[PDB]
Amino acid sequence: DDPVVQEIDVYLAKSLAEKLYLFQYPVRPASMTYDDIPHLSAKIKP
Amino acid sequence: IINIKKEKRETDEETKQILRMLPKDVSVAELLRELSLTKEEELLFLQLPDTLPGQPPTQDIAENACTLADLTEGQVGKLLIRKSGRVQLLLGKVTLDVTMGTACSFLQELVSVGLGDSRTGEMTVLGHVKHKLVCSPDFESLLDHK
Amino acid sequence: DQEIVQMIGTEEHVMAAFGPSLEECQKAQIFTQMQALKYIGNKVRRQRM
Amino acid sequence: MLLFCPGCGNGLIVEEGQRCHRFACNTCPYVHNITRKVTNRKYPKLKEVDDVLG
Ligand SMILES: [Zn+2]
């Protein structure tokens, strides 16, 4: 079992290391998104 | 009735309760259809081990944890797809294996929350997350090596 | 309640069995954490003063 | 079946509005009118024709 195909390279980026957040909605399926819902504000703490 | 706001069935994979009228994939075939069948980019969420096979470069140390926050930019490893469905990640002298994670069906939005100013910041929706990968050390090879 | 049902299970028989519990919960006006905590505290007896 | 509101995720009950029967949640003004027929079969187990023993 040799690596015949798909020798993909892996790069690393530190531009958004401290600014990248992951938001997951446990009650919202992936089919319906909040793209059309107009947002108003977001409160946050560092 | 509005078509994009119907009631949702309990099964997130079969929310189509009313209509107008999935086999478990593998990482090798996943990447094959992501690159050969189509050319559109995709956002993935892979889980790396606690410690990477490296040393913090001039980070003031101790054999501590070496995560991505210590490594620099550029090429850090290669992704190999062998025969019979093997998907490995060569991160130097060692080789980890990549498997499919838990098949999430709920909405996962990868966004960028950049606090450019101490009073006002920007939230940038980068994309959507659909598949999850898991990278694990090939302990069998590490044991048979020495 | 959707998160609770997802945590319990997504099988049809599982939802059919858990239906009565959801109905009994909806019979009362307990819908937030504060209301449920107050209901629980009402069912709490002091360890003899 | 068991249906939940996309807004908050609470269970939906069936009530009668001013025009038609609708699914509604008890904690939000979300509603959903019924357009076509909706059914939920269960297919109960049919007692077999028990054999005569002895
Ligand atoms: Zn609701």
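Each chain gets a letter, A, B and so on, in the order the sequences are listed, and its residues count up from 1.
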Are [Y] and [X] linked, directly or through intermediate hydrophobic residues, by side-chain heavy-atom contacts shorter than 4.5 Å (ILVMFWY only)?
X: A/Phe23; Y: A/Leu20; answer: no
X: B/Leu126; Y: A/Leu22; answer: yes
X: B/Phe106; Y: B/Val129; answer: no
X: B/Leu133; Y: A/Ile8; answer: yes
X: B/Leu90; Y: B/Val87; answer: no

Residue pairs, two or more places apart or on separate chains, that pass salt bridge (charged side-chain N to carboxylate O under 4.0 Å, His left out) and touch [range]:
range: residues 31-60 of chain B; value: B/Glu30-B/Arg33
range: residues 104-120 of chain B; value: none
range: residues 7-32 of chain D; value: D/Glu15-D/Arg22
range: residues 26-46 of chain D; value: none

Looking at [X] and [Y], what are the two nearest heavy atoms and their distance?
X: B/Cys135; Y: B/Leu48; result: SG-CD2, 3.7 Å
X: B/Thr15; Y: B/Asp12; result: CG2-O, 3.4 Å
X: C/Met15; Y: C/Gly9; result: SD-O, 3.3 Å
X: B/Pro53; Y: B/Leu91; result: CD-CD2, 3.8 Å
X: B/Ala65; Y: B/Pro56; result: O-CG, 4.3 Å
X: B/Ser136; Y: B/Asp97; result: O-OD1, 2.7 Å

Problem - Pairs flagged by side-chain hydrogen bond (donor to acceptor under 3.5 Å, both in side chains) wherever residues 37-49 of chain C is involved - sequence neighbours left out - result: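 Residue pairs passing side-chain hydrogen bond (donor to acceptor under 3.5 Å, both in side chains), neighbours aside: none found.
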Exercise for the section: Can you tell me which residue pairs pass the side-chain hydrogen bond (donor to acceptor under 3.5 Å, both in side chains) test with a partner in residues 22-46 of chain A, sequence neighbours excluded? Expected result: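 Every pair satisfying side-chain hydrogen bond (donor to acceptor under 3.5 Å, both in side chains) with a residue in residues 22-46 of chain A: A/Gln24-B/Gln108, A/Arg28-A/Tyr34, A/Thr33-A/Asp35.
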Measuring only between side-chain heavy atoms, which start at C-beta, is [X] closer than 4.5 Å to [Y]?
X: D/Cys25; Y: D/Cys8; result: yes
X: B/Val98; Y: B/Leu46; result: no
X: B/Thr102; Y: B/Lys132; result: yes
X: D/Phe23; Y: D/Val31; result: no
X: D/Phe4; Y: C/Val5; result: yes

Exercise for the section: Would you confirm whether A/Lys19, through its side chain, and A/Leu16, through its main-chain N or O, come within 3.5 Å as a donor-acceptor pair? Expected result: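 Judged by distance alone, no pair lies under 3.5 Å.
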Handout entry: Whether B/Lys8 side chain and D/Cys5 backbone form a donor-acceptor pair below 3.5 Å
Key =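 Flag set: sc B/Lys8 to bb D/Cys5 pair under 3.5 Å.
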Practice task
Given side-chain contact (heavy atoms from CB on, under 4.5 Å), test B/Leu89 with A/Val10 step by step and report yes or no.
Solution key: CA-CA 9 Å; B/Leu89 182 67; A/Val10 178; 3.7 Å; yes
Exercise for the section: Please step through side-chain contact (heavy atoms from CB on, under 4.5 Å) for the pair D/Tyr30 and D/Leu12, ending with a clear verdict. Expected result: CA-CA 9 Å; D/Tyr30 173 82; D/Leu12 295 176; 4.3 Å; yes
Practice task
Check step by step if side-chain hydrogen bond (donor to acceptor under 3.5 Å, both in side chains) holds for C/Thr10 and B/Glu10.
Solution key: CA-CA 7 Å; C/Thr10 61; B/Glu10 171 63 27; over 6 Å; no
Can you confirm whether more than 12 heavy atoms, excluding those of [X], are under 6.0 Å from its [atom1] atom?
X: C/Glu3; atom1: CD; answer: yes
X: B/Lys5; atom1: NZ; answer: yes
X: B/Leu22; atom1: CG; answer: no
X: D/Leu53; atom1: CG; answer: no
X: B/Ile1; atom1: CD1; answer: yes
X: A/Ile44; atom1: CD1; answer: yes
X: B/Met100; atom1: CE; answer: yes

Results of side-chain hydrogen bond (donor to acceptor under 3.5 Å, both in side chains) for [X] - residues two or more places apart only:
X: D/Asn10; value: D/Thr27
X: B/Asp138; value: B/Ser141
X: C/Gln6; value: none

Under 3.5 Å, side-chain donor or acceptor atoms of residues 67-82 of chain B against the rest of the protein: list the pairs with distances, not counting sequence neighbours.
from    : atom 1 : to      : atom 2 : distance (Å)
B/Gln75 : NE2    : B/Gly77 : O      : 3.0
B/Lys78 : NZ     : A/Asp9  : OD1    : 3.0
B/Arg82 : NE     : B/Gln88 : OE1    : 3.0
B/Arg82 : NH1    : A/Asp1  : O      : 3.4
B/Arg82 : NH2    : B/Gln88 : OE1    : 3.3

Exercise for the section: Please step through side-chain contact (heavy atoms from CB on, under 4.5 Å) for the pair B/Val111 and B/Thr124, ending with a clear verdict. Expected result: CA-CA 5 Å; B/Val111 305; B/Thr124 293; over 6 Å; no
Could you tell me the separation between the [atom1] atom of [X] and the [atom2] atom of [Y], rounded to the nearest 0.5 Å?
X: B/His131; Y: B/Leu31; atom1: NE2; atom2: CG; answer: 10.0 Å
X: A/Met32; Y: A/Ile37; atom1: CE; atom2: CD1; answer: 11.5 Å
X: D/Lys47; Y: D/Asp50; atom1: NZ; atom2: CG; answer: 6.5 Å

Report all side-chain donor-acceptor pairs from residues 19-31 of chain C shorter than 3.5 Å, counting only partners two or more places apart or in another chain.
from    : atom 1 : to      : atom 2 : distance (Å)
C/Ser21 : OG     : C/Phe18 : O      : 2.4

Problem - ring pair (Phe, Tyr, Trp, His ring centres under 6.0 Å): pairs with one or both residues in residues 50-71 of chain B, sequence neighbours excluded - result: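 As it turns out, there is no ring pair (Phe, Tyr, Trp, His ring centres under 6.0 Å) pair with a partner in residues 50-71 of chain B once direct neighbours are skipped.
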Exercise for the section: Show your working on side-chain contact (heavy atoms from CB on, under 4.5 Å) between B/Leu110 and B/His128 and close with a plain yes or no. Expected result: CA-CA 6 Å; B/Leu110 180 68; B/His128 299 275; over 6 Å; no
